[PDB]
Every structure is written in structure tokens, then in C-alpha cells.
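A.B. asks: Could you have a look at this structure, given as C-alpha cells, before my questions?
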Amino acid sequence: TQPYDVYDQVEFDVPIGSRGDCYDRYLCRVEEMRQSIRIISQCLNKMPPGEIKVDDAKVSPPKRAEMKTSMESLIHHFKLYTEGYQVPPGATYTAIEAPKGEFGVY
Amino acid sequence: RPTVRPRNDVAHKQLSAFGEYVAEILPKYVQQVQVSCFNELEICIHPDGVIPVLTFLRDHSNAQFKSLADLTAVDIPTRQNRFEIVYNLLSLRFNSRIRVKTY
Amino acid sequence: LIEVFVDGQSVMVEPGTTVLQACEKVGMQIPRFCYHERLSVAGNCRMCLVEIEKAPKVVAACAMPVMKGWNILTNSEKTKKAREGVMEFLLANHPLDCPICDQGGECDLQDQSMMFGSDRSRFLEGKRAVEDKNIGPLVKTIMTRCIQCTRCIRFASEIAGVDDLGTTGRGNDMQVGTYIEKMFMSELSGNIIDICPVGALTXXXXXXXXXXXXXXXXXXXXXXXXXXXXXXXXXXXXXXXXXXXXXXXXXXXXXX
Amino acid sequence: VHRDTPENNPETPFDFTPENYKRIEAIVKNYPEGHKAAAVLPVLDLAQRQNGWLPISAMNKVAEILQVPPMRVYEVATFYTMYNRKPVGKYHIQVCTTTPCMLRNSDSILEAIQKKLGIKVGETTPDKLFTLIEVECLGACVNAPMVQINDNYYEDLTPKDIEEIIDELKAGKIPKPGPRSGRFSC
Amino acid sequence: XXXXXXXXXXXXXXXXXXXXXXXXXXXXXXXXXXXXXXXXXXXXXXXXXXXXXXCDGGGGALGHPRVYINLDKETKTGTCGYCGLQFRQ
Amino acid sequence: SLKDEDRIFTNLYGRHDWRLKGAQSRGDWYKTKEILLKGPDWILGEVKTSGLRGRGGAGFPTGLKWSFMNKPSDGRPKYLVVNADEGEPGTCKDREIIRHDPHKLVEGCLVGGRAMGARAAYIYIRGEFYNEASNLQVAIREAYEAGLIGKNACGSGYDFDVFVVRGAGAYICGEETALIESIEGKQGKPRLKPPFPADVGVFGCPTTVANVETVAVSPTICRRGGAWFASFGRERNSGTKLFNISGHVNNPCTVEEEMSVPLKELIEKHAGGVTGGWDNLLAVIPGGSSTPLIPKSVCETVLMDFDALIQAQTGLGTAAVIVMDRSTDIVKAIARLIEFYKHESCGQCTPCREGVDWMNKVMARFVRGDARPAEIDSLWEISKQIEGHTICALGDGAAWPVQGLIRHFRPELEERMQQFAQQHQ
Amino acid sequence: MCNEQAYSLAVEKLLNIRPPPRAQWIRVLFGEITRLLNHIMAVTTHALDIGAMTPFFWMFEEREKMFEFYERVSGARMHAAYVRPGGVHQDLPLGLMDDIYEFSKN
Amino acid sequence: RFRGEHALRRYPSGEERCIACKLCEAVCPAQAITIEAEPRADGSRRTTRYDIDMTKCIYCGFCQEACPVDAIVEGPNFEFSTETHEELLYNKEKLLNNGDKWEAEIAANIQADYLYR
Ligand SMILES: Cc1cc2nc3c(=O)[nH]c(=O)nc-3n(C[C@H](O)[C@H](O)[C@H](O)COP(=O)(O)O)c2cc1C
Ligand code: SF4
Ligand code: SF4
Ligand code: SF4
Ligand code: SF4
Ligand code: SF4
Ligand code: FES
Ligand code: FES
Ligand SMILES: [Zn+2]
């Protein structure tokens with residue numbers, strides 16, 4: 001329902017039981033494990049070669065070879081610590097499905 | 001934008017209709033301030049009646065949230081009124097997230 | 001009195017007022033390098049370049065006054081194109097000292113790069129280095145770290161009295177030093193280390209002792225010499241080491 | 001070096017003009033009567049003409065005569081390119097290497113002068129007869145080869161004509177405003 | 001250099017007539033070999049031709065950001081921020 | 001509609017015989033008493049009605065700029081200063097107007113004295129041209145002793161005294177604000193142009209900026225009819241501007257010509273190297289150094305006038321030809337132009353001290369061919385930025401010609417980079 | 001890797017800056033690899049709680065081989081600051097993609 | 001690339017590689033690393049106080065990554081066992097300088113670090 005980082009494109013299988021007993025609540029987790037390799041295999045096949053961090057040095061720190069030569073990179077590397085990111089104000093709530101439940105970070 | 005923007009707003013217009021729908025009821029008992037930014041909705045509620053607001057969003061035909069899963073509270077001394085209880089709500093049939101606050 | 005709009009919102013200002021001086025009343029601070037508090041208004045950087053509502057070329061905030069009721073935007077697309085560009089010119093011939101540099105967080109040029117400067121990349125090949133200038137007891141001056149501006153040049157002639165610092169060359173080889181080997185007099189020239197935005201002039205007693213981080217500031221009146229009051233003293237765990245002049249309206253004119 | 005100043009054997013010993021002191025007072029009268037620091041720009045050129053190789057002590061003595069700041073007057077001659085700082089001989093010749101002169105060969109005239117007068121292009125001659133220094137535009141661009149020495153600038157000189165004029169300059173003065181062609185129209 | 005007590009490393013006094021230090025008695029106190037910057041001046045100064053030369057520890061592999069040092073003062077030694085390496089001419 | 005070259009009409013042409021007495025017989029101060037007797041309002045209107053264009057490298061109206069001061073009421077007395085030195089290379093403005101005929105320039109300051117309202121006149125000549133500056137001082141000494149200008153001379157109540165001062169020879173005579181700062185006594189650096197021009201405050205007085213070729217034209221416009229100068233040229237550009245041709249040519253010569261003249265006919269008068277636009281590759285600039293190089297294809301349609309030249313790439317500021325041959329390298333020639341601006345830059349605005357020096361260091365790699373093919377387009381982005389965010393227009397002078405490499409050319413620069421990459425790398 | 005994922009995305013929604021396309025595919029590859037740890041503990045310790053001794057040691061040999069993928073991708077054994085608001089901190093080494101495919105096959 | 005017990009590196013021709021910034025102090029989530037600096041005799045200005053407490057430290061590799069000069073480089077250490085807390089926490093360099101016995105492995109490990117993996 002709610003994609004995070006490239007979802008719906010990867011084929012997911014969700015195990016859902018019939019009764020709310022401990023045995024069916026155990027079987028779904030084992031069926032999650034048998035239907036987990038499908039996601040891993042599709043992640044192995046679909047890999048675009050490119051960038052690891054964001055190009056913005058305001059958010060993500062630059063490369064080690066990059067900072068040693070150019071000026072702007074090292075200053076942004078220096079300022080991403082002490083007083084780092086500089087976040088835009090406003091309350092936000094995100095939840096990504098944990099294998100146990102949800103991480104409702106606010 | 002390739003790496004600059006996270007996501008384009010398309011459902012934001014449909015989510016803005018929710019901010020009008022509850023406001024169309026228009027209670028000074030409930031509504032006050034409606035804020036909506038970044039694919040989400042935030043409502044703050046007058047202290048006198050919180051239970052009638054919680055019965056709403058639950059059960060209702062147009063908006064069937066029901067699950068009031070996460071419950072937070074803010075600690076801030078800037079305002080004349082100190083703490084702020086913040087409810088985080090989720091729908092399973094409707095598939096949407098809404099926020100309830102106290103002042 | 002004449003009213004002129006700044007970022008659509010109108011604000012009242014005097015007939016003879018600077019663009020950067022008028023923007024502060026509307027609660028907006030432009031990127032600065034040449035002061036507006038007490039030091040004389042001068043160009044020699046063009047960082048504060050802001051575009052008007054109808055203008056073919058961008059004008060500096062220090063030089064150009066408001067005069068007529070004209071709209072000026074601070075968060076405009078034209079203003080962002082300048083600020084992201086001028087930073088690249090400032091750092092094209094910058095010696096790179098940030099870890100070793102005496103300032104780190106206190107540096108004004110360091111902060112402006114994070115907020116206004118272009119983060120993505122920096123294209124440069126071969127930066128020119130200047131020879132070390134002679135200094136006595138206070139403020140061990142490094143000429144390489146200096147951005148070659150007009151702040152300390154005017155401070156020696158007006159605020160301090162006896163002139164010492166000035167222009168030495170023409171191109172990139174131009175230095176802000178005294179040119180002739182002579183030690184600077186005391187009087188009030190100790191505030192010049194606190195005056196400079198970059199890590200060019202910094203006190204020899206407080207050199208490589210404590211950074212801007214970790215040191216906690218506390219306001220206290222000066223004991224030595226009368227009239228002088230309000231000065232921030234950094235704690236920095238147990239024993240104090242860094243002393244800085246705190247801003248006062250009438251007590252002290254931005255100098256300890 | 002442009003910012004650095006020497007301290008050994010050229011920092012305290014210098015002489016000011018005494019015969020041209022009456023002419024120096026008249027130069028201040030040409031500008032405004034009150035707030036006159038304009039004469040400092042003119043007196044720096046006049047001191048360089050009378051005494052070769054301007055010293056740091058000589059600049060300090062000139063600032064006391066006009067009554068101005070010592071730091072400001074020393075910096076004023078540093079920005080200008082016309083006044084010599086280090087040392088120059090009897091007649092110092094400067095060659096133009098700029099693009100309007102470079103289009104009709106300026107490097108060919110510069111290479112011929114470097115070999116005939118000997119030594120490097122930057123360093124001056126040990127005999128102290130001709131000092132070599134690379135310069136920008138002089139003024140008159142109408143003649144394709146251009147070189148300025150002492151006071152009079154020679155215009156239009158060939159690869160062999162420049163070396164012959166340089167060797168002749170050692171004993172007798174040789175002004176050559178237009179060896180190549182008429183000055184007005186060629 | 002050592003006087004009565006344990007040897008000083010990177011300028012650190014032990015104790016004045018033994019009052020504060022007492023714990024470092026049963027266990028032997030640590031000491032760093034060549035910590036008085038004796039190896040700093042042991043390396044020979046390199047000759048240069050240009051007016052300014054860029055410094056490096058060992059290329060991009062070893063940790064050294066690029067710093068330009070001016071060698072025109074003659075009387076001054078001319079050393080980078082990270083290294084104690086001196087440059088002449 | 002088409003303009004003919006000169007045809008026995010010139011403002012200043014005498015170079016064979018002129019000193020003081022010889023110049024006076026050949027059109028000099030003919031209606032000196034007539035101009036002095038006339039009112040300041042009518043004398044200022046005489047230049048405004050004719051529509052005189054700025055001879056100096058700016059592109060500003062000479063009638064509008066002279067009337068911009070006006071002086072209704074002033075506490076401190078006003079003084080007008082004229083620049084004699086030549087800033088941009090490939091200009092004979094100092095070699096002809098100051099050296100050959102000093103009588104025309106000396107009369108020009110007196111002509112624009114009573115009209116502008118100036119107590120004293122000042123001249124700033126080039127430092128390298130000491131012999132040329134000495135001729136101007138000799139003509140001024142002959143005029144003051146006899147009784148031509150000063151105190152009560154020429155039948156006028158208003159006094160005007162001429163004085164010549166030697167300059168540094170760089171950016172000091174460059175900008176309009178720079179001339180005031182150099183004459184004041186301070187270091188050679190231009191003042192802040194946005195809030196106050198020369199008219200508001202310059203060296204403790206209201207002032208006006210004047211060129212050597214512009215100030216000499218003022219007595220020629222006053223003595224002769226206003227329609228005589230207005231007829232020659234175009235609809236917007238009027239008068240006659242002296243153009244100097246030097247470089248790849250059979251015989252280089254500086255000659256006065258009428259405005260809105262074609263490039264094919266102007267080069268034919270001096271005769272270019274081999275062929276103008278047939279065999280030899282054209283890379284000639286319409287200006288001295290301020291204007292970028294013009295292509296071989298677009299040259300016949302382009303005119304010498306300021307209004308017509310602005311449509312094609314950029315307008316000529318100095319208005320002078322600098323011809324280049326096919327044998328001569330294009331990349332090597334323009335690299336020297338930026339190298340000139342590296343030394344002439346004053347040292348104030350940060351995108352010029354560490355901007356032009358940054359540009360020249362990259363441009364040195366283009367001659368060798370070690371630069372990447374991607375670096376060409378990135379160079380265009382930085383060069384455009386200097387044009388907008390500078391106090392004086394010398395930063396523009398190191399911005400316009402660099403844009404002339406990206407425009408018109410590009411395969412010529414790419415061929416030098418590709419050859420060194422295959423041979424050395 | 002299921003943790004920090006919720007935290008970094010919240011910073012990514014605050015700053016409104018998308019992670020690079022390569023980093024997004026690594027996040028799912030390591031998001032599914034956490035499910036191999038969590039659902040194993042949801043069986044192994046759960047069976048150990050009841051009284052089953054075998055299944056706990058049946059999968060912990062697999063789990064100790066699983067932490068090798070964590071160790072090779074980031075210097076720590078268990079908890080690593082590998083997932084960051086700038087997408088992903090460090091690149092996948094050459095000796096991992098051959099190992100993931102070999103591990104999933106068995 | 002593996003993190004264990006902390007050890008600071010040095011240049012091939014003597015000299016301390018650490019420059020004293022208080023950078024790694026600010027990145028440290030536990031605040032286990034403490035740094036106070038004074039000028040070293042004449043010229044060079046590198047460290048006086050340098051304590052890394054093992055009472056704290058969650059082992060991030062943050063200080064290994066934040067360091068511009070690459071002073072703290074994390075080695076493959078395992079053996080650390082003490083009688084008291086005093087023996088556990090590292091003193092003013094010294095024991096951290098005694099990482100020379102692990103610096104031979106560090107030089108081999110950092111060859112996989114430059115131009116990352
Ligand atoms: C780089 C540069 C150099 C210049 N050099 C001179 C010069 O040497 N002499 C001059 O008269 N004008 C020069 N100018 C033109 C000035 O702008 C001049 O003061 C004035 O604006 C020209 O207008 P006018 O002819 O009406 O006086 C230069 C302009 C630039 C951009
Ligand atoms: S002057 Fe500022 S930006 Fe430059 S190295 Fe020093 S602290 Fe960093
Ligand atoms: S030392 Fe500082 S205040 Fe002085 S010119 Fe340099 S940057 Fe400006
Ligand atoms: S643009 Fe260059 S030459 Fe002109 S005032 Fe600015 S720094 Fe000086
Ligand atoms: S370990 Fe690195 S970051 Fe920390 S103080 Fe030393 S040099 Fe600076
Ligand atoms: S690994 Fe982390 S906790 Fe340990 S010293 Fe480094 S930054 Fe601090
Ligand atoms: S900050 Fe306005 S000109 Fe420098
Ligand atoms: S360009 Fe050579 S004399 Fe002007
Ligand atoms: Zn070094």
C-alpha cells in the first residue's frame with residue numbers, strides 16, 4: 001500500500017492465516033521466510049550502477065578523495081558535524097513495516 | 001529534479017478535501033486549526049471535548065480510521081500552555097494517516 | 001520618511017538608508033562580509049548582490065540605497081544565482097586550513113557556505129599562497145587564510161587611529177599586510193582579531209586551544225579598566241581560555 | 001615579490017632631493033590647496049627620476065614632506081606599475097607582449113633582444129646598462145613592434161634593427177619614434 | 001629526560017615530590033617512543049623550484065588534504081599545517 | 001542611406017605642422033570669444049541637439065552625460081576632468097589626440113568649462129607615454145602665458161585653469177570613478193558606482209568623466225554647425241570616431257573615418273594581410289579589447305556604429321580593428337587578452353582578483369591541450385557571472401572576449417585538446 | 001537495517017531529498033536481510049521458550065554466517081550506522097554480490 | 001574494514017598525524033573522546049590531552065570517518081580485558097600511541113579504504 005524506496009516493482013507475498021491462534025501466527029512467519037528469497041533474488045537481478053550517497057554535500061558527506069582536493073567539499077564535511085544537517089521545521093510521522101510491527105518515528 | 005525532490009504532490013489535492021470535510025461540520029468545540037503539509041493532515045482539538053473527537057474518524061462511513069495506534073506527547077515551554085498530547089491514527093480499509101492534537 | 005517594500009511586505013525607513021540596513025527591520029539578513037554596525041560602507045566583495053523588481057543588473061546591498069519605493073526580493077531566483085556563484089570565487093584561491101585553522105564555527109565564511117554556497121562541486125587548480133606577516137604579542141596573522149577584503153584596513157585608520165594595514169599588489173598576489181616590517185601598536189588594535197570574519201587574525205594566547213564547539217559562553221563585566229562592560233567568557237571545562245567582546249548599545253562599541 | 005620589503009642595507013640609508021625641493025613645493029600647488037594628498041602620487045614619480053631605485057626610507061621621507069600617513073603612502077606606490085621597486089640601471093627597456101602586438105610577431109622581437117643583450121628575460125644585466133622586464137601595453141599600438149625605454153618609446157623595429165639600436169644606445173642616445181614608417185599614417 | 005620519577009612524554013609532569021601520583025607504582029607507567037618530536041626534525045628538508053608547492057603525505061591514499069605553502073621569505077623555514085616538512089628555494 | 005568615408009571633413013586631422021601659432025591658423029579657437037559670450041544653457045543645448053555619442057569605451061550618450069551634472073546650486077566648487085590615457089590595447093586615442101595635436105585637447109577643456117560650470121580642468125595621461133604628455137604641458141604653457149584661458153582670458157568671467165598629471169598606466173584611467181580616486185591621491189581602485197556617480201561626489205567636488213577623443217570633439221561641434229556632425233552616420237549613432245587598425249595587415253595605420261562604415265571597406269583603406277574575407281581566416285575584433293572577436297561569415301553586415309554592432313554579438317566600445325591572420329593561432333591570441341586583464345585588475349571585487357586570475361590559469365591549459373572536452377561549457381558559466389556582479393566594467397572586459405570563444409568557434413578549441421590527448425596522454 | 005530505515009526516511013521527508021536509485025535497491029536488499037534475522041529469532045528463541053533444543057542451533061550457524069554480510073558491508077558486527085539520511089553510507093564491496101547469491105541458493 | 005580498540009596513526013617520517021580539531025569530539029554520540037590542545041614548543045600545534053574512554057564508546061566508525069587527516073583508524077582488535085575501570089580507559093595518547101603493534105595491519109587495511117572497496 002505505502003511504498004518506501006522502490007516498492008510495488010518488487011513482487012511481495014504476504015502470508016495471512018484463518019484463526020488467531022499461536023500456530024497460525026507461527027506459520028505466517030515461516031511462510032514469510034520461504035517468501036523472502038524472492039525479494040532478495042529480484043534485488044540481485046535489478047541493480048543500477050551509480051551513486052551511493054546524494055550529490056548534495058549539505059546533507060550527505062563527500063568522498064575522501066573528493067574532500068582532499070576541492071575546497072567546498074571539505075567545508076561541508078566540516079559543517080556536517082558540530083551543528084550538522086540543518087532540518088526544515090515541522091512535525092513529521094513515518095512508519096515502515098518492521099518484521100515485528102511498525103517503527104512510528106515522530 | 002532528479003535527486004533534488006523526494007516526491008511530487010498529486011494526492012495532496014485529495015488530502016486537502018479532508019481538511020475541508022471536518023471543517024464543514026464547524027465546531028468551536030472541536031475544530032480550531034487545520035494544518036496539512038507533506039502528504040499528511042494535522043488537527044488540534046479544544047481540551048473540553050476529546051472523547052467525542054475520538055469517536056469520530058472511528059466507525060464513520062466516509063472516513064473509516066478506527067485504529068488509533070500511536071500516541072505521543074510534546075514537551076515545550078515556549079507557549080503559555082506547556083505540554084501537547086499528539087494522537088497518530090491509521091486506517092486499514094481506507095489506507096490513510098491523520099493526526100489529532102491537544103493545546 | 002519613505003516606505004519601500006522588501007519581499008512584498010512594506011517597511012518604514014529613512015530617506016538615506018542602506019538596503020541591508022532596511023532589510024533587518026523586516027527580519028531578513030543578507031550575506032555580509034564588509035560590516036554595517038560601525039565600520040564604513042565599502043564594496044570590494046559583491047556578496048550582498050540582490051536583484052530588484054525591475055533591473056537589468058544586480059546591485060550591492062551596502063552601496064545602493066532604497067531612495068524610491070521599489071520592491072526587492074531576498075529569496076528570489078536571481079539572488080540565489082549570485083550567492084551560489086560568488087562563494088565559488090572566494091574559495092578558488094583559499095589555502096584550506098579548516099581543521100588546523102584557529103577558528104572553526106566562529107568563521108563567518110564557513111557558515112555562509114553551508115547556507116548559501118554551492119555544495120555539489122568545486123572546480124579549482126593551484127591556489128596562491130602569501131608569505132607570513134610580522135606580528136608582535138596579540139593576533140598571530142596568517143596572510144594565506146585572508147580573503148583580501150576591506151574590513152581590517154578601515155579599522156586601523158578610523159577606529160584604531162594609526163593606519164597600518166593596506167593594499168600591496170594588484171591581482172591575486174595582493175596582500176592585506178603592512179608591507180614594511182613593523183609591529184602594530186596596542187591601544188585598541190586587539191579587537192582586530194575579533195573583527196576579521198575568516199581565520200586570518202586570531203589571538204596568540206587563544207590559538208589552537210579551543211574550537212567554537214564545546215565551549216560554553218557566559219556574560220560578565222570586565223574588571224580591568226573602568227567603563228568597559230559586558231564580555232563573553234568561554235568556560236570550556238573548568239578553566240577559561242577564550243575571551244570575546246559582547247555587543248552593547250552604549251557601554252562598548254563592539255570592542256573590548 | 002611585491003608585498004615583501006627588504007630590511008638589510010636598503011631600509012635606513014636614503015637621500016631626498018635638495019636641488020629639486022623648490023620644484024617639489026610647486027607640484028603641491030597644482031592640485032587643491034586644502035586636503036592635498038594628490039601630490040604624493042606625483043612626488044613618487046619625481047623622486048624615481050632624480051634618484052634611481054626607490055627605497056623604503058625614501059618613501060617615508062616623502063610622506064613627511066607632504067604630511068600624510070606612512071602606511072597609506074607606502075601602499076600608494078605599491079599599486080602603481082610605473083614606479084620601480086627593486087633596482088634599475090641607466091636605461092631600462094620594457095617590451096610589449098600584448099595581443100595586438102603579438103598578432104604581427106612580438107615574440108620574435110623579444111627573442112632577438114634577449115640574445116643580443118644577453119641574460120634571462122626577467123633578470124637584468126650584470127653590467128647595469130639595460131634592464132629587461134616583461135611589460136603589458138605601453139600606449140601607441142599603431143606600430144606593431146613597440147618598446148619603451150627611460151622616457152622616449154621607440155616604435156616599429158625589425159628583428160635585426162632592434163639589436164643594432166640596443167648596442168648603439170650604450171654610448172649615444174638613439175631616439176627612434178618611427179624607424180619603420182611615418183607616425184601618422186603608414 | 002627524567003628526574004627521580006618516570007620519564008616525561010609529550011610534556012607531562014609526574015608529581016612534585018610524590019603527592020598526587022601513587023596509583024602508578026605497582027603497575028609500570030606507559031611511555032611513547034619518540035614523542036618529543038625528535039623524529040620531526042630528523043627528516044631532511046626538500047628543495048623546491050616554484051614559488052608555491054602543494055604538500056602531500058603520500059598521495060590520495062594517506063590522509064593529507066592539499067595545502068599550498070609559500071617559499072619566498074628566505075629567513076622562514078616554510079612548513080605545512082599537517083607535516084613538519086620544510087621547504088627552501 | 002549609405003555613408004561615405006570622410007571626404008575632406010575631419011574634426012582633428014593635423015599632424016604635419018602644429019605647435020601653438022601654426023595650429024591657430026588651421027582651425028583652432030576661431031569662435032573662442034563667441035562661445036564664451038554665449039550663455040551656459042545655450043552652450044549645453046548645442047551638444048544635446050546634435051546628439052553626440054560617447055567616444056570612450058562605455059556606450060553612453062555624450063550629450064546626456066555632460067548635462068547630467070548641470071549644477072543648479074553647489075557649496076563646494078565643481079571641477080571637470082578628462083582622461084588622456086588609453087586603457088584597452090589597440091587604441092590610438094593617446095598617440096594622436098594628445099601627442100600630434102595638443103591644441104585641440106587644450107581648447108576642449110575651455111569649451112566645456114563655462115557650460116559645465118568648472119573652476120579648474122584636469123588631465124590624466126599615460127605613465128609610459130612621458131614624451132606624449134610633455135607636448136600637452138608645452139601647449140598649456142603657451143596658452144596661459146599669451147592669454148587664451150584663465151582668470152579673464154577669451155572674454156569670459158568664469159576662470160578655467162588646465163593642469164596635466166601623470167598616471168600609473170593600468171586601471172587608474174579605466175573606470176569613471178577610478179579617474180577621481182587616482183587624481184585624489186589614494187591607491188588605484190574605483191569607487192562604488194551604484195549610489196553616487198561623478199556628478200554627486202568625486203574628490204570632494206561635483207565632477208564629470210571625459211575621454212580624450214570626446215573632449216576634443218566639443219570645440220568642433222560648437223564652432224561648426226550641429227547638422228554637420230548629425231548627418232554623417234546612422235539614426236542613433238552620430239558624428240565621427242577615430243578607428244585604429246593594427247595587426248595582420250600590409251600597412252597598419254590609424255585614420256579618422258565617418259560613423260556607420262562597413263568592415264569590408266574600412267579594412268580595404270589600410271589593406272589587410274593577403275585577403276580580408278576570402279583566403280585568410282578572419283578573427284578581427286570590432287573593439288580594442290572590450291569586444292569579442294567577430295566571425296568571418298558575419299562581417300559585411302556589421303557596421304562601425306554602436307547601434308548596429310549591438311545586434312551582432314556585442315557592440316564595439318573602443319571601436320578599433322585588430323586583424324588576425326589564418327597562420328596566427330586564435331586560442332593563443334585571446335589567452336593573452338585575459339592575461340592583460342590579470343595584471344590590470346585593481347584588486348577589490350572578489351570575482352575579479354580571484355576570478356580573472358582563475359580564468360587565465362585555466363586558459364593556459366587550452367594552448368597545451370590537457371583540458372577535458374567537458375571543461376569548455378563549464379567555463380562559459382563562470383565567465384557570464386563576472387559580467388553582472390562587479391563594481392567596475394573591467395571585469396566585463398575579461399568576460400566578453402571569453403564568451404567569443406564559446407560562440408562562433410568551438411571545434412577550433414576541441415581540435416587542440418583532442419590532439420594532445422592522443423599524442424601525450 | 002530495518003532500523004535507521006524509518007529514521008532516515010523521516011529526515012528524507014523533512015529535507016524533501018530523494019536517495020540515489022542504487023542506494024534504494026541496497027536498502028530493500030538489506031531490509032529483507034533483517035527479516036532473515038528477526039523471523040529466525042521469532043522461531044528459534046520461541047521454540048527454546050517452549051522446550052525445543054535443536055531448532056535454536058539449526059539456524060544460529062546460518063545466523064553467524066549472516067553477520068559476515070554485515071561485517072563486510074560495515075565495520076561493526078550487529079548495529080551499524082550504515083543506513084543514513086544520505087541514502088546509504090558506503091558501497092557494496094566486490095566480495096558480497098557473489099556471496100549473497102551463493103547463500104540464497106543454499 | 002573492521003572496528004575494535006582505538007589507535008591513532010602517524011606519518012611515515014615521524015610526527016603525530018592528529019591535528020587537534022575537536023571534530024571527532026562533536027561527532028562522538030557517547031562523548032567518550034576528550035581533546036584539549038596547546039602549542040608544541042614552536043611551530044607545530046598538535047594535542048596535549050587525548051583520552052578515549054572505553055567505559056562509553058558504541059563503536060560507530062564515525063571518528064574514523066570524520067577525521068580529515070585519518071588519525072584514528074580502526075584496527076581488527078579483540079583482546080582487551082582488565083582488572084579495573086582505570087586500566088580499561090585509555091590515557092593521554094601513550095597507550096593509543098602504542099597502536100604501532102596494530103599499525104602494520106592498519107596500513108594494509110587502509111589500502112582497501114582509499115577509493116572505497
Ligand atoms: C576596462 C575599461 C577601460 C577604460 N579605459 C579608458 C581610458 O583609458 N580612457 C578613457 O577616456 N576612457 C576609458 N574607458 C571608458 C570610461 O567608462 C569613460 O570614463 C567614459 O564612461 C566614456 O564616456 P565619454 O566618452 O562620454 O567620457 C574605459 C572603460 C573600461 C570598461
Ligand atoms: S578561514 Fe574559515 S573556511 Fe577558511 S580554513 Fe579557516 S575556518 Fe575554514
Ligand atoms: S585579514 Fe580579515 S578583515 Fe583583513 S582584509 Fe583579510 S579577510 Fe578582511
Ligand atoms: S571589477 Fe576588478 S578592476 Fe573593477 S573595481 Fe572590481 S576588482 Fe577592481
Ligand atoms: S583525531 Fe582527527 S578529527 Fe580528531 S582531533 Fe585528531 S585530527 Fe582532528
Ligand atoms: S567509535 Fe563512535 S563512540 Fe567510539 S570514539 Fe568513535 S565516534 Fe565515539
Ligand atoms: S558585504 Fe556588501 S559589499 Fe561586501
Ligand atoms: S598592445 Fe602593444 S603597444 Fe598597445
Ligand atoms: Zn603536509
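Think of each number as a place in line: the chain as shown, counted from 1.
Placement of Cβ uses the backbone N, Cα and C atoms for every residue, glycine included.
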A.B. asks: Could you look at C:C101, C:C196 and say which one Swiss-Prot places alongside C:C146, C:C149, C:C152 in the [4Fe-4S] cluster 2 site?
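C.D. replies: Answer per Swiss-Prot: C:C196.
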A.B. asks: C:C23, C:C62: which one does Swiss-Prot list with C:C34, C:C45, C:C48 for the [2Fe-2S] cluster site?
C.D. replies: C:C62
A.B. asks: Within 10 Å of C:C146 ([4Fe-4S] cluster 2 binding site) by C-alpha distance: pick out those among the binding-site residues C:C34, C:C48, C:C62, C:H94, C:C107, and say none if nothing qualifies.
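C.D. replies: Correct set: C:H94.
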A.B. asks: Using an 8 Å cut-off from the Cβ centroid of C:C34, C:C45, C:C48, C:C62, can you name the remaining same-chain residues around the [2Fe-2S] cluster site, in sequence order?
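C.D. replies: Going along the sequence, the neighbours come out as C:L20, C:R32, C:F33, C:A42, C:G43, C:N44, C:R46, C:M47, C:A60, C:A61, C:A63.
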A.B. asks: State the count of C-beta atoms found within 10 angstroms of the C-beta of C:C101 ([4Fe-4S] cluster 1 binding site), not counting that atom itself.
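C.D. replies: Cβ-Cβ neighbours of C:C101 ([4Fe-4S] cluster 1 binding site) within 10 Å number 23.
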A.B. asks: With H, G and I counted as helix, E and B as strand and the rest as coil, say where DSSP puts C:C146 ([4Fe-4S] cluster 2 binding site).
C.D. replies: coil
A.B. asks: Beyond C:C146, C:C149, C:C152, C:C196, what residues of that chain have CB atoms within 8 A of the centre of the [4Fe-4S] cluster 2 site's CB atoms?
C.D. replies: C:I147, C:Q148, C:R151, C:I153, C:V176, C:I195, C:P197, C:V198, C:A200, C:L201
A.B. asks: List only the single closest residue to C:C62 ([2Fe-2S] cluster binding site), chosen from the recorded positions C:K54, C:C101, C:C149 by CA-CA distance.
C.D. replies: C:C149
A.B. asks: When secondary structure is assigned with DSSP, how many helix, strand and coil residues does the domain '4Fe-4S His(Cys)3-ligated-type' (C:78-117) contain?
C.D. replies: 21 helix, 0 strand, 19 coil
A.B. asks: From C:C45, C:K54, C:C101, which recorded positions have a C-beta atom under 6 Å away from some atom of ligand 2?
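C.D. replies: From C:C45, C:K54, C:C101, counting a Cβ under 6 Å from ligand 2 as near, the near ones are C:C101.
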A.B. asks: On a C-alpha basis, identify the one among C:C45, C:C48, C:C149, C:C152, C:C196 that is nearest to C:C101 ([4Fe-4S] cluster 1 binding site); the candidates are the binding-site residues.
C.D. replies: C:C196
A.B. asks: What is the nearest of the binding-site residues C:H94, C:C98, C:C107, C:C149, C:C196 to C:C48 ([2Fe-2S] cluster binding site), using the Cα of each?
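C.D. replies: Of all the candidates listed, C:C149 is nearest in space.
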A.B. asks: If I take the alpha carbons of C:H94 ([4Fe-4S] cluster 1 binding site) and C:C152 ([4Fe-4S] cluster 2 binding site), what is the distance between them in whole Å?
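C.D. replies: Just about 18 Å between their Cα atoms.
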A.B. asks: May I ask for the residues of the chain that lie six or more residues beyond the domain '4Fe-4S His(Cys)3-ligated-type' (C:78-117) and have a Cβ under 8 Å from a Cβ within it?
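C.D. replies: 31-33, 45-47, 49-51, 58, 123-124, 127-129, 140, 142, 144-145, 147, 172, 197-199, 202, 206-208, 211-213.
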A.B. asks: Using Cα coordinates, what distance in whole Å links C:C196 ([4Fe-4S] cluster 2 binding site) and C:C45 ([2Fe-2S] cluster binding site)?
C.D. replies: 14
